[PDB]
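Novice: I have a structure I would like to understand better, so I am pasting it below and will then ask my questions one at a time.
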Amino acid sequence: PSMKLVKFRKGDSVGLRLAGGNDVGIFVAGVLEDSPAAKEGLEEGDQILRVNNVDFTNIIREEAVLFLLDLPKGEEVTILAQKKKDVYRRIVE
């Protein structure tokens with residue numbers, strides 16, 4: 001509708017730093033310089049809605065982190081996201 005659907009190959013890690021969790025949702029807090037996730041256009045302040053076929057709209061940050069780590073190395077990741085800069089800037093507190 002007015003979102004982002006990105007597909008990139010995970011190398012060693014997804015290179016995403018995460019903020020939020022549970023109620024507020026999972027947000028990109030940092031995207032590693034020149035990583036596949038960056039090149040595909042993911043950016044600090046996007047909300048992550050779905051990773052592959054897993055809904056990310058009510059997940060505890062620590063499970064989100066591990067799930068991203070647990071994605072298999074060298075495989076294609078599909079991320080559904082939406083830019084929520086304003087909510088994000090409020091959220092990080």
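By order of appearance in the structure tokens: chains A, B, ..., then residues from 1 within every chain, and ligands from 1 in the order shown.
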Which residues come within 8 Å of range 41-55 of chain A, counting only C-alpha atoms, excluding same-chain residues fewer than 5 positions away, as a PyMOL selection string?

Specialist: chain A and resi 6+25-31+77-85+88-89

Novice: Got a sec: who's within 8 Å of residue 59 in chain A, counting only C-alpha atoms, leaving out chain neighbours fewer than 2 positions off, as a PyMOL selection string?

Specialist: chain A and resi 21-22+25-26+56-57+61+63-64

Novice: Residues of the last selection are to be written out with N, CA and C atoms, as a short mmCIF file (atom, residue, chain, number, x, y, z; two decimals), in the first residue's frame.

Specialist:
data_model
loop_
_atom_site.label_atom_id
_atom_site.label_comp_id
_atom_site.auth_asym_id
_atom_site.auth_seq_id
_atom_site.Cartn_x
_atom_site.Cartn_y
_atom_site.Cartn_z
N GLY A 21 9.69 -3.34 20.62
CA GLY A 21 9.24 -4.67 20.99
C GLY A 21 7.86 -4.68 21.61
N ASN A 22 7.20 -5.84 21.53
CA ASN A 22 5.88 -6.10 22.12
C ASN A 22 4.77 -5.17 21.65
N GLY A 25 6.08 -2.36 18.78
CA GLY A 25 6.57 -2.93 17.52
C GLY A 25 8.09 -2.91 17.39
N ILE A 26 8.60 -3.60 16.38
CA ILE A 26 10.04 -3.74 16.16
C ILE A 26 10.51 -2.78 15.07
N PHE A 56 6.04 -9.79 12.67
CA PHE A 56 6.94 -9.13 13.62
C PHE A 56 6.27 -7.99 14.39
N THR A 57 4.95 -7.98 14.41
CA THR A 57 4.21 -6.84 14.94
C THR A 57 3.96 -6.91 16.46
N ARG A 61 11.71 -8.02 21.79
CA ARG A 61 12.94 -7.62 21.10
C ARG A 61 13.99 -8.74 21.11
N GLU A 63 13.59 -12.00 21.30
CA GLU A 63 13.27 -13.08 20.37
C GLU A 63 13.51 -12.63 18.93
N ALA A 64 13.16 -11.38 18.64
CA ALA A 64 13.43 -10.78 17.32
C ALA A 64 14.92 -10.82 16.97
#

Novice: Taking only range 5-69 of chain A into account, list the residues labelled helix (DSSP H, G or I) by DSSP (computed from the backbone), as a list in words.

Specialist: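 Across range 5-69 of chain A, those assigned helix (DSSP H, G or I) are residues 36, 37, 38, 39, 61, 62, 63, 64, 65, 66, 67, 68 and 69 of chain A.
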
Novice: According to DSSP computed on the backbone, where in chain A is there strand (DSSP E or B)? Give the residues as a PyMOL selection string.

Specialist: chain A and resi 4-9+16-20+26-31+46-51+54-55+76-83

Novice: Name all residues at most 12 Å from residue 66 in chain A (count only C-alpha atoms; drop same-chain ones fewer than 6 positions away) and give them as an MDAnalysis selection string.

Specialist: chainID A and resid 13:14 16:18 59:60 72
